[PDB]
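Have a look at the structure below before the remarks.
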Amino acid sequence: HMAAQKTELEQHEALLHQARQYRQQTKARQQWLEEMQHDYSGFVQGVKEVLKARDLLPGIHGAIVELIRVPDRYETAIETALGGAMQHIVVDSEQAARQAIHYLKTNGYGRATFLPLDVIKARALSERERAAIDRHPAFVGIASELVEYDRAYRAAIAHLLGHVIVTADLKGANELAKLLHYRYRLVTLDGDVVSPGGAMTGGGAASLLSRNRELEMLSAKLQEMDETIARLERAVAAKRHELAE
Amino acid sequence: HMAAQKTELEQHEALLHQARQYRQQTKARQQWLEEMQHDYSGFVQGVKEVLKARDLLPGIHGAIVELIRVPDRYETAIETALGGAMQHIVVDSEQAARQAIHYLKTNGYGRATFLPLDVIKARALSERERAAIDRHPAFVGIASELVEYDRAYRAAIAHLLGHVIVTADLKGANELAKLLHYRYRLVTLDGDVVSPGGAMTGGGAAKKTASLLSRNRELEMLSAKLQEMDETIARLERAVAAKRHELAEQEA
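Chains as they are written, first to last, in the entry's author numbering: chain B, 461 to 665, 670 to 709; chain A, 461 to 712.
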C-alpha cells in the first residue's frame, strides 16, 4: 500500500538531489572551460593579443581552431594537418591583416599569420584524384570533410585542408601519396605526415581542438540533465499526489 | 740605436706571448664545440635519437647539416633558407623512414622528418623562370647550386633548396620576386626573406634560433684560424731568437 509508494517517493527525491548537485558540478566545469576559451589560454602571444583586440581592430573573425569542430577520433590528424595554421587568424581582408600586423609591431606584442577571407581560394582534389583514392583501404577522408564549420569559412577551410588526405596508417599515406604523384599532404590518424614530394615526418612523445568539443558536450549534457531534473520533479509531484489522498 | 732594437725585441716577445694565450683559448673553444657535435647537442630529441642509432637502424645516411658544406659567404642565406630542415634525415627508402619512425614512437623519443632517397622529389624553376632572373645583378644563385654535397643526395638537396633563390640584397630580392610572379621564396645574403604570401605574416621582430650550420661555420673558422696562429707563432719565435742573437753580436 503506502509502504511501496513511500519507497518510490524516496528513490525519486534522492535521485533528484543527485541530479541537481551533479548538474551544478557540470555547470562549474562548463564555466571553467568557457573562461579558458575566452581568455585565449593556450594561444601564442601575438595571436592572443590580436583576439583580445577584436573590439578595437577591424575585421577580426577568429583563429582557425575557434572556427572548426572535429570529432575526437580525427583530432590528432587535423591538428597535425594544420600545424601552426591552428592559430592563423581569419580576417575580412588584407587591409585588416595589415592593421593587425601594425598593431602587433607597434606594441611589441609578438607575431601572427592572417587569412584574408575576401581573397583566399578553396583547394580541392580533382574528381579523378578523389576517385583514385577514396576506396583505398587506408583512406579515411579529405581533411576538410572531417571537420565542421560555418559556411562563411568554407573557402578558408578548403584552402587549408581541402587538399590534405587523412589515412589510417603511415604505409597507407605512402601508398596513396604514390597514387597522387606526391602532389599532396597526407596525415595519419596517429599524426605522422607524408608531405608533398615525399618527405615523411613522425615519432611521438591536450589539444586546443578538444575545448569546443568538450564545451558542446557539456552543453548537450546540461540540457539532458535539466530534463532529467524536470522528469524527476514530475515523478516526485506525482507520487506525492496519489499518496496525499 | 741599440735601444731601438731592444724595443723591437720586447714588442715581438709581447706579441708572441699574447698570441700563445690567444691560440690556447681558441683551441679550447674548438675542442668544446667538437664535443657538442659528438653529443648531437642542439639537434631536436627525435633527430638526436635516430642519429645515435644510425648503425642500428637501416638506411640512415644523416641529417642535412651533416651532408652539405656551405661557403662562408652563403652560410647565413642557406641557414635561413633551410631553417629546421637542416635537421631532416636522409634515408634509403620509405620503409627505412617507417622503421625509424617506429623506433621513435615505441621509445617515446620524439619526432623527426625523413627524406627517402628512392622517392624524394627534386624541385627546380622552369627554364623560362630561370632565364628571367639568371643575369640580374642581384641574383646570386639557386640555393641548391651554392652548396656542396655528394651526388647521391642531389634530389634531396634540390627538394629542399632547388626552389629557393639567393639574392645580393633585399631590393634585389623584391625585384626578383616580381619577375617570378611572387611564386618563390628568396633569401638575401644577410638573411632577409621574401616569401609568397609574406605580407600576411608579421608583427614584432621574430628571433628564433636552431643554428647548427653556424656551428659548422665556426668550426671551419677555428680550424683556419688555428693554422694561421701556428704560423704566426713559429714566425714570432724565429724573429725573437733572430733579434736576440743580432742584438748580442752588436754589443761587441
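No residue lacks a Cβ here, since even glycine has one placed at the ideal position from N, Cα and C.
Residue i (DSSP reduced to helix, strand or coil)
i: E678 of chain A; result: helix
i: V647 of chain A; result: strand
i: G568 of chain B; result: coil
i: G522 of chain B; result: strand
i: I549 of chain B; result: strand
i: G663 of chain B; result: strand
i: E554 of chain B; result: helix
i: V607 of chain A; result: coil
i: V579 of chain A; result: coil
i: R595 of chain B; result: coil
i: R529 of chain A; result: strand
i: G657 of chain B; result: coil
i: residue 713 of chain A; result: It is not possible to answer for residue 713 of chain A, since the shown part of chain A is limited to 461 through 712.
i: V510 of chain B; result: helix
i: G502 of chain B; result: coil
i: residue 667 of chain B; result: There are no coordinates for residue 667 of chain B in this structure, because the numbering of chain B runs from 665 directly to 670.
i: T692 of chain B; result: helix
i: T573 of chain B; result: strand
Nearest-angstrom Cβ-Cβ length linking residue i and residue j, presumed shorter than 8 angstroms
i: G651 of chain B; j: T536 of chain B; result: 5 angstroms
i: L646 of chain B; j: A637 of chain B; result: 6 angstroms
i: residue 720 of chain A; j: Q490 of chain A; result: Given a span of 461 to 712 for chain A in the structure shown, any question on residue 720 of chain A remains unanswerable.
i: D552 of chain A; j: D578 of chain A; result: 7 angstroms
i: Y534 of chain B; j: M689 of chain B; result: In fact, because the Cβ distance is near 28 angstroms, the residues do not count as touching under 8 angstroms.
i: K703 of chain B; j: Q465 of chain B; result: 6 angstroms
i: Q559 of chain B; j: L517 of chain B; result: 6 angstroms
i: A598 of chain B; j: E635 of chain B; result: 6 angstroms
i: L542 of chain B; j: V700 of chain B; result: Contact doesn't hold; Cβ gap of about 50 angstroms is too wide.
Beta-carbon spacing of residue i, residue j below 7 angstroms
i: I580 of chain A; j: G662 of chain B; result: no
i: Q547 of chain B; j: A513 of chain B; result: no
i: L564 of chain A; j: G506 of chain A; result: yes
i: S604 of chain A; j: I625 of chain A; result: no
i: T627 of chain B; j: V653 of chain B; result: no
i: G632 of chain A; j: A665 of chain B; result: no
i: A584 of chain A; j: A615 of chain A; result: no
i: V550 of chain A; j: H596 of chain A; result: no
Validate contact between the segment 668-675 of chain A and the segment 586-594 of chain B using beta carbons, cut 8 angstroms, 3 pairs: no
Taking contact to mean at least 3 C-beta pairs separated by less than 8 angstroms, is the segment 604-621 of chain A in contact with the segment 520-538 of chain A? yes
I'd like to know if the segment 598-614 of chain B and the segment 518-533 of chain B are in contact, where contact means that at least 3 CB-CB pairs between them fall below 8 angstroms. yes
So if I threshold CB-CB distances at 8 angstroms, which residues from the segment 543-574 of chain A count as touching chain B? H548, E554, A557, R558, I561, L564, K565, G568, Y569, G570, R571, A572, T573 and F574
Contact the segment 473-492 of chain A vs the segment 478-498 of chain B: 3+ CB pairs below 8 angstroms: When C-beta atoms of the segment 473-492 of chain A are compared with those of the segment 478-498 of chain B, fewer than three pairs fall below 8 angstroms, so the two segments do not count as touching.
According to a CB-to-CB cut-off of less than 7 angstroms, which residues of the segment 629-648 of chain B neighbour chain A? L630, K631, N634 and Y642
Under 8 angstroms, CB to CB, which of the residues in the segment 514-544 of chain A have a partner in chain B? none
Report the residues of the segment 651-666 of chain A with a CB closer than 8 angstroms to any CB of chain B, ordered along the chain. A659, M660, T661, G662, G663, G664 and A666
Counting beta carbon pairs with one atom in the segment 703-711 of chain A and one in the segment 499-518 of chain A, are three or more of them shorter than 8 angstroms? With contact defined as three or more Cβ pairs closer than 8 angstroms, the segment 499-518 of chain A and the segment 703-711 of chain A are not in contact.
Chain B contacts made by the segment 573-594 of chain A, where a contact means CB separation under 7 angstroms: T573, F574, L575, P576, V579, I580 and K581
Members of the segment 609-622 of chain A near chain B, C-beta cut-off 7 angstroms: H619
Output, in sequence order along the chain, the residues in the segment 487-506 of chain A whose CB is closer than 8 angstroms to any CB in chain B. Cβ contacts with chain B come from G506.
Tell me whether the segment 678-685 of chain A and the segment 566-577 of chain A touch, counting them as touching only if at least three CB pairs, one residue from each stretch, are closer than 8 angstroms. no
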